[PDB]
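Just the one chain here, the form deposited in one PDB entry, laid out as structure tokens.
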């Protein structure tokens, strides 16, 4: 069987069972307990999924709790607000911890060992994403640093993608999607956002006839997501 293989099998089982904390642990075991090889395409994917699911449940809790705090602040109900805030801290504690897990692995192994430009772009996107989720709830200097750290990882990842990866490449298309959302949501810049999405979109469109059956599903899907953000924003 091998040590790296059934951990992978276990991570697939945990995915099916919708038990994402366990999924992460399995992919961790896989990840640092290799050496200096890269993660395989399927391992990369399973990692980013495992973390996205764990973090998203908390993102969703934080939004709903953060919205109730605000409505209870209008009503003048000051005690509810104290209780809610304290809960909100608990969820924020979890968020900082989760982000720290992935950001630690990315800086220590994953970014330093990516050899193909595909992979450099992949892990630099991930790093961008996790800082972006710190910038969603941190405030003041903590926010300012998360936002700065985000901009540079996306900037780096952009500078490589435009010059080495096809315009239709799903990982290139993914960077542009999140990068545009980062501007819209973090930096309150609708127009930078619109134009960055639109350009990425049109550039993919002009290369369409040469798009592999291998990347077809994912590319067409990220192309629709770029269109939907545009439509909602516009």
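We call the rigid core the largest set of C-alpha positions that still match within 1.5 Å between the two forms. Residue numbers count along the first chain shown, from 1.
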Subject >> residue 218 left out of the model in a third or more of other PDB entries >> reply: no
Original post:
For the C-alpha atoms alone, is the average B factor greater in 18 to 26 or in 206 to 214, going by the entry?
Top reply: 206 to 214
**OP:** Please work out which of 32 to 40 and 180 to 188 has the higher mean CA B-factor as recorded in the PDB entry.
**Re:** 32 to 40
Original post:
At the C-alpha atoms, which of 84, 102, 147, 111 reaches the highest B-factor in this entry?
Top reply: 147
Subject >> For residue 143, the third of its chain into which the C-alpha B factor falls >> reply: highest
Subject >> Ranked C-alpha temperature factor of residue 126 among modelled chain residues, by third >> reply: lowest
**OP:** Would you check the entry's CA temperature factor for residue 134 and let me know if it's in the chain's lowest, middle or highest third?
**Re:** lowest
Subject >> Third assignment of residue 232 from its chain's C-alpha B-factors >> reply: highest
Original post:
When the modelled residues of the chain are sorted by Cα temperature factor, does residue 91 land in the lowest, middle or highest third?
Top reply: lowest
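Just so you know, the form deposited in another entry exists too; it's not on screen, but the next bit is about it.
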**OP:** Shifts of 2 Å or more in the Cα, rigid core superposed between this form and the one not shown, apply to only one of 162, 96, 77, 152; name it.
**Re:** 77
Original post:
Does residue 68 show a Cα shift reaching 2 Å between this form and the one not shown after rigid-core superposition?
Top reply: yes
